[PDB]
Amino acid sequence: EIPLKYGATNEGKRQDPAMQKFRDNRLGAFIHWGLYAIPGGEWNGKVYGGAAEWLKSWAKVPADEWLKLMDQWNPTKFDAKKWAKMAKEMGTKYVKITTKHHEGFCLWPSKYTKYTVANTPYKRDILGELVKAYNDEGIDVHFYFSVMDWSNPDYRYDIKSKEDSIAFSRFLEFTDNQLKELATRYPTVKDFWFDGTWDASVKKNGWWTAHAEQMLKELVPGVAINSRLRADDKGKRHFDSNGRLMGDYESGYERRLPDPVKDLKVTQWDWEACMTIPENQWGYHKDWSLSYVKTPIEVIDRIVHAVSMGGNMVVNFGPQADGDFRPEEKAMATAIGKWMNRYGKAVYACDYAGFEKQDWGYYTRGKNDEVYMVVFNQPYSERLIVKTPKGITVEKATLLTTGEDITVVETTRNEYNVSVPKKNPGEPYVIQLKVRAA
């Protein structure tokens, strides 16, 4: 045991109702909206292939010139109520919103900088409009916050002098102020998801990360805080020097997911994954033909994968400069929505089932020990292999949509062949099992 003052706080998984809710939600959407939406990946006639929200970096644009985009910020098609309806129709139980990205432009009228929605032609408090609209639909709201801030010159990448230390100490107070502001202006917030905490300046200031966590939990009862915020005394991030998880949930699976056979360790803690529709674009990019774009079933597969291993999944959207969503994103949300409406009993409020992974797809476990087989790969054998843990038998199988009974044949001790449905469902589908222990 190494002694640590700013290491892990939590024991195991939080089991208060607020965390249970965060967990049971399972499916979320991510919104990346900021000034980067205006150029849409293009600067000075040149289209850059990197992530559009990092365009300031790719095109080497100075802060003053970048933040001048505020003068064109006028999303006349924006309508918080439509956005919330879209999220509702997709089947998302929560939404995570970029309050401020690396660029430093704030979607709420912060008192602590001039780079906010207030100083734009649009003027209005976008974030407040969204919080109300989503909450009205019964959708929880979570706040993305970039610690790294390219708009504030007291920011430092590292601490190489007392001068740097002085500047950065001012920067951390500025940050605390924005955070307190967010927590008190918008007290229904359920989570803060920190990003841009990877620089050596932050790694050297673990105490501040632990402080930010404590500060926000005092202000917002039951609020959740991601692991990404946190560094310990030694600069170890996410998990501390004694290997204990910091924050309330693990938050490293970004555009990738744990292996279903090798990474079972993740079922021991809460966690949340996020993903993009193209290969790597979070903010709006005008040309999606530049990388592979996932199909709905590919996205659905990742959602169920996450849940099968006891984690949440958040699918990202990068709204247009005008405040509307591109056609591809509307189609995606609608498709995910249709499927969740039919099969979401195997997703919402479900968890790791403790069964050995099989090739046809994923198991999930319901709140009353339902075991759901979510089938993505249809075997030509017409038989779906189910190997049970010790002491578990399978008493019945049922097609979720129709209620029809599905033949279960015992092949060996602890193994069965569950038949495919008489009629091929033509899409990833669910069979529900009734199981019994000894």
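In this text, residue numbers run from 1 along the sequence as written. So that the term is clear: the rigid core is the largest set of C-alpha atoms that superpose within 1.5 Å between two forms.
- Taking the root mean square of CA deviations in 7 other deposited structures of this protein after fitting on the rigid core, 250 to 258 and 198 to 206 differ, and the farther of the two is 250 to 258.
- The stretch that strays farther, by root mean square C-alpha distance over structures and residues in 7 other deposited structures of this protein after a rigid core fit, is 158 to 166, when 158 to 166 is set against 81 to 89.
- According to the PDB record, 203 to 211 carries the higher mean C-alpha B-factor of the two stretches 258 to 266 and 203 to 211.
- Stretches 179 to 187 and 330 to 338 differ in mean CA B factor, with 179 to 187 having the higher one.
- Across the residues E356, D351, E173, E250, the deposited record lists the maximum Cα B factor for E173.
- Residues shown: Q281, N135, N119, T364. Highest C-alpha temperature factor in the entry: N119.
- Per-chain ranking of the deposited C-alpha B factor places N424 in the lowest third.
- Ranked by C-alpha B-factor against the other modelled residues of its chain, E382 falls in the lowest third.
- Ranked against the other modelled residues of its chain, the C-alpha B-factor of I431 as given in the entry falls in the lowest third.
- For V409, the recorded CA B-factor ranks within the lowest third of the chain. Only modelled residues enter the ranking.
- Per-chain ranking of the deposited C-alpha B factor places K60 in the highest third.
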